[PDB]
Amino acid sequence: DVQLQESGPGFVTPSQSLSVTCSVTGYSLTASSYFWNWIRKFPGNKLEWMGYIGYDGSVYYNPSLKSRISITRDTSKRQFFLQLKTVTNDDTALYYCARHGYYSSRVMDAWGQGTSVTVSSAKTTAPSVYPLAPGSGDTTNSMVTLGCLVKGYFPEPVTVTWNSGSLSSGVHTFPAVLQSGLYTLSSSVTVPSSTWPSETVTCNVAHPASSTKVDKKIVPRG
């Protein structure tokens, strides 16, 4: 058995250096005939094999990335590292480390989960949290969908709960959309329209990159 785990910076400024680590468990980086690769997926689901370092220390890179990338290793830590110099927005991708060499014909026999890297000329931003309440009156004992708009934050991720997890069911959290240099996300919870006027319906939004934790109570409009 072998386990590969990626570890990255999350986000990087253009023209800077990108560095990603792959920690390996179960096997040695010098065990005979194994090769350790860096591969990456672009947002349009295109995979690009970047390169590899071998059990013997040899390296080989995709010619389209030559002079930019460097793959190194620490065998006592059982880690191997990808460095990509002068990153641009076209380097934004999900980076995997893989292992091939169990089979004979250049086939990845182990994969890591992958780490996301956004190359953006943007800084850490805490989100603005707005309430989402209906613009009309509710019929008695109906169902009401309330929500929270988590707007203008960077980077990913953000964690949204409802009443500190008490409202577990009926929750929809949508994938964030990146506009300008900021993310916008919407969360919703469906509760009885009789629960809302007598009890508290609050969304808890946590953005750890800015150490932000905010509570937004959904108050009916007038």
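The first residue of the sequence shown is number 1, and the count goes up from there.
Judged by mean Cα B factor in the deposited record, 64-72 ranks above the other of 64-72 and 35-43. Higher mean CA temperature factor, per the PDB entry, when comparing 197-205 with 5-13: 197-205. Considering 145, 104, 120, 115 together, the PDB entry gives 120 the largest C-alpha B factor. Between the residues 168, 58, 173, 30, the entry's highest C-alpha temperature factor is the one at 168. When the CA B factors of the chain's modelled residues are split into thirds, the value for residue 181 lands in the middle one. In the PDB entry, a CA B factor belonging to the highest third of its chain's modelled residues is recorded for residue 138. For residue 77, the recorded CA temperature factor ranks within the highest third of the chain's modelled residues.
Ranked within its chain, residue 26 lands in the highest third, by CA B factor from the PDB record. Annotation for residue 109: CA B-factor lies in the lowest third of the chain's modelled residues.
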